[PDB]
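> Fold the stuff below for me.
(2 chains, ligands or ions: 1)
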Amino acid sequence: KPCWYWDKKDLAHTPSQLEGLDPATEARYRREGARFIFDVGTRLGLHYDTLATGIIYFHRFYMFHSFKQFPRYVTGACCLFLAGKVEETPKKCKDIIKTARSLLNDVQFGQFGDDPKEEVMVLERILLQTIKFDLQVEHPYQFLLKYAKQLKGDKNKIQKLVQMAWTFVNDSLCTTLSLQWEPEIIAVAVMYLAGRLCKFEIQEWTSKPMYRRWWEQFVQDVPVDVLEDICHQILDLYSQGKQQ
Amino acid sequence: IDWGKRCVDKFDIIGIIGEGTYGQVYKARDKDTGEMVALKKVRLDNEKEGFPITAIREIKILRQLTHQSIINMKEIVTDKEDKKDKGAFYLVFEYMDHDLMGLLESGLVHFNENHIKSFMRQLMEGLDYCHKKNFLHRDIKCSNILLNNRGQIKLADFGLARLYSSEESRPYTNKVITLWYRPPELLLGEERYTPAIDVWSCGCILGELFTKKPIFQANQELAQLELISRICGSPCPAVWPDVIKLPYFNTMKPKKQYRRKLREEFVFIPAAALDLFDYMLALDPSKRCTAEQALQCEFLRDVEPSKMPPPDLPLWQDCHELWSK
Ligand SMILES: CN(C)CCCC(=O)Nc1ccc(C(=O)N2CCC[C@@H](Nc3ncc(Cl)c(-c4c[nH]c5ccccc45)n3)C2)cc1
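Residues are numbered from 1 along each chain as shown, chains lettered A, B, ... in the order given. Sure, structure below:
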């Protein structure tokens, strides 16, 4: 089984940054690529697991290839195409290009060259080799539901926490958080952030109410500093937007 | 890892062994390891949808199943020097020497009781591993049971497999198993079925090892249910209360209401094996033994296959079929 997690130092030496791309520009390229996959798959009515699987393929791809050698929207369409096949929600490639054509202008759609469809097809072989045919991926959503099922403090406040944590998981896919921490840790982190923004105290809802370490019942040996850093990366996406 | 990057030239192709669901299949010789392999070739773009989803499913399932009685996919190689749609993929499997169907139609090998003991032990062990994980095979038959010359049974052809949730309420595909090995609940239209469908298929394998022919040979579903009923008894709520809940129970049934003659139709089978045989061919899926229970029965409990001399088979496969068009 391969290893799919990097530290903060290795993420500062991706193939894109080695070729001169600045950290801010790669972070922007990753946001637009993830949101592109999100909007295309949404307009085709795809499962949130399928969107997340395509985005994880997208982030891992650019740990081995540079954004200067591979246009991002072509890679995003390719990742969504493979993800639908992996997640048993197949979509014809003609449909993805059609949907991509509908949301992108000609300068953005110029990345597909003269013949848009073949660019995605020939890239699928490269993507599969890059992800080492490790197709099965799990996402923070299932653990957010599993962990929240074991809270008993208040019904209406739990559902507000889950709903905000679900939105924060969607926002997380715009960052490299899935390349840093396991999905179980991301699930705990978004509950922690949602608890802060709601001023709910999550410890009251555990079987160990007296014990702030409410999350050590779900994940083992996760220090609060790790969760604080995940929150900082997520709220960084709200540099402009209102937090919620 | 390196799953996918190394090239086909690191293998020496010996010849074509057959045709699969998404391309040709080759016998091949590894340059370095000194072990033999079979390569399932995956052409892409012949189909306008790229890498076939049939391979994706087989690759995805075979990476989660590792067992001595399961076909071992070792890696995935490529033509290399791709851009360039020319490059194709190859699934690397450990080479097996025979399949059960070719072994039996050769007319050249005879399996005694101890041989069937070892085979069923290995087969039920491998299927139990698949069923303790949440996987249904849905394509068990004599041609999908592979056997080497060391006497080791291995289960193959996981293309039609899929993950199931236990006693959960989720629907599946109805026509899954080949007709001669299909259980009666599928013939009557059950779509939310269970691992008992694989156990029925293995029950057909067991009886086909003592006789030389498949035990239920029909070409249509109506006739197939008729032959099953003529031996196993007609479906009725007395033995199978839930037949009334099946889509086709009322519109397709045998002419007569048969009594179970399984122990008289196969009286030549030893007692302990006939007990497991009778257990595996229960009409009601809920009365059908699980792979775990089959390993605990009298016929298989004390079998240790590693301590039994394997039966000697033709060093290669040749059905020796008479010239027929
Ligand atoms: C009228 N009747 C029916 C046949 C008469 C003619 C006749 O003699 N046929 C005939 C059939 C096969 C062979 C043969 O070469 N073999 C025997 C079978 C296992 C092979 N090793 C093998 N090892 C591993 C795997 Cl995963 C597969 C495998 C997985 N999937 C597959 C899909 C297709 C092919 C192989 C695989 N196959 C070897 C030789 C002759």
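
> those strands in chain B, which residues are they?
For chain B, applying DSSP state E gives strands covering B:11-19, B:24-30, B:36-42, B:73-78, B:89-94, B:98-99, B:135-136, B:145-147, B:153-155, B:162-163.

> CSV please, covering those strands and showing mean neighbour count and distance to residue B:258.
Quick note: C-beta positions are derived from backbone N, CA and C, even for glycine. Compiled in CSV, the strands of chain B are given as follows (neighbours: other CB atoms under 10 Å in any protein chain shown; distance: least, CB to CB, whole Å):
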stretch, mean neighbour count, distance to residue B:258
strand B:11-19, 13, 39
strand B:24-30, 17, 42
strand B:36-42, 22, 43
strand B:73-78, 20, 43
strand B:89-94, 22, 42
strand B:98-99, 20, 33
strand B:135-136, 21, 29
strand B:145-147, 23, 29
strand B:153-155, 23, 32
strand B:162-163, 14, 33
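
> all strands of chain A, in order?
Assigned by DSSP E, chain A shows no strands.

> quick one: the helices in it?
A:15-18, A:23-43, A:48-61, A:72-86, A:93-103, A:106-109, A:116-130, A:140-148, A:155-172, A:177-180, A:183-198, A:224-236 (DSSP state H).

> Please identify the deepest-packed of those helices.
helix A:72-86 (a mean of 25; mean count of other CB atoms under 10 Å in any protein chain shown).

> what's the angle between it and helix A:48-61?
Angle between the axes of helix A:72-86 and helix A:48-61 is 130 degrees (criterion: axes from the mean of the first three to the mean of the last three CA atoms, to 10 degrees).

> Whether helix A:72-86 contacts chain B - can you check?
Yes - for helix A:72-86, a contact with chain B is found by CB under 8 Å from any CB of the partner chain, at A:81, A:82, A:85, A:86.

> Show me how the chain divides into domains.
Because you didn't say which chain, this covers chain A. In the domain annotation for chain A, the residue ranges read A:1-136, A:137-244 (curated CATH domains).

> right idea, wrong chain: chain B
If you go by curated CATH domains, chain B breaks into B:1-97, B:98-325.

> Nearest to chain A among the strands of chain B would be which one?
strand B:73-78 (5.4 Å; CB to the nearest CB).

> Can I get that closest one in CSV? Just the C-alpha atoms.
Provided in CSV are the C-alpha atoms of strand B:73-78 (Å, rounded to 0.1, in the frame of the first residue of the first chain):
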residue,chain,number,x,y,z
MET,B,73,-2.8,-10.3,-9.2
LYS,B,74,0.9,-9.4,-8.8
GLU,B,75,1.1,-6.0,-10.5
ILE,B,76,0.1,-3.9,-13.6
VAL,B,77,2.6,-3.2,-16.4
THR,B,78,2.4,-1.1,-19.5
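
> got the contact list for residue B:190?
Residues near residue B:190 by CB atoms under 8 Å, 6 or more residues apart in numbering or on different chains: B:174, B:246, B:247, B:285.

> Just the buried ones from these?
Neighbour-count burial (16 or more other CB atoms under 10 Å in any protein chain shown) applied to those gives B:246, B:285.

> And the helices in the stretch 201-325 of chain B?
B:221-232, B:262-265, B:271-280, B:291-296 (DSSP state H, counting those that start in this stretch).

> follow-up on the earlier one: kindly reformat the contacts of residue B:190 as JSON lines containing distance to residue A:36.
Conversion of the contacts of residue B:190 to JSON lines gives the following (distance: CB to CB, whole Å):
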{"residue": "B:174", "distance to residue A:36": "38"}
{"residue": "B:246", "distance to residue A:36": "47"}
{"residue": "B:247", "distance to residue A:36": "44"}
{"residue": "B:285", "distance to residue A:36": "47"}
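
> Relative to the ligand, which of the contacts of residue B:190 is nearest.
residue B:174 (24.3 Å; CB to the nearest ligand atom).

> The spatially closest residue to that closest one that is not a sequence neighbour: neighbour count?
In space, and not counting its chain neighbours, residue B:174 is closest to residue B:191: 5.2 Å by CB to CB, 6 or more residues apart in numbering or on different chains. Residue B:191 has 14 neighbours, counted by other CB atoms under 10 Å in any protein chain shown.

> likewise residue B:266?
The burial count for residue B:266: 18, using other CB under 10 Å.

> That one touches residue B:209, doesn't it?
No - the criterion here is CB atoms under 8 Å, and residue B:266 misses it with residue B:209 at 11.6 Å.

> got the contact list for residue 175?
I went with chain A, as the question did not name one. So residue A:175 contacts A:27, A:30, A:31, A:233, A:234, A:236, A:237 (CB under 8 Å, 6+ apart).

> I was thinking of chain B, sorry if that wasn't clear
By CB under 8 Å, 6+ apart, the neighbours of residue B:175 are residue B:186.
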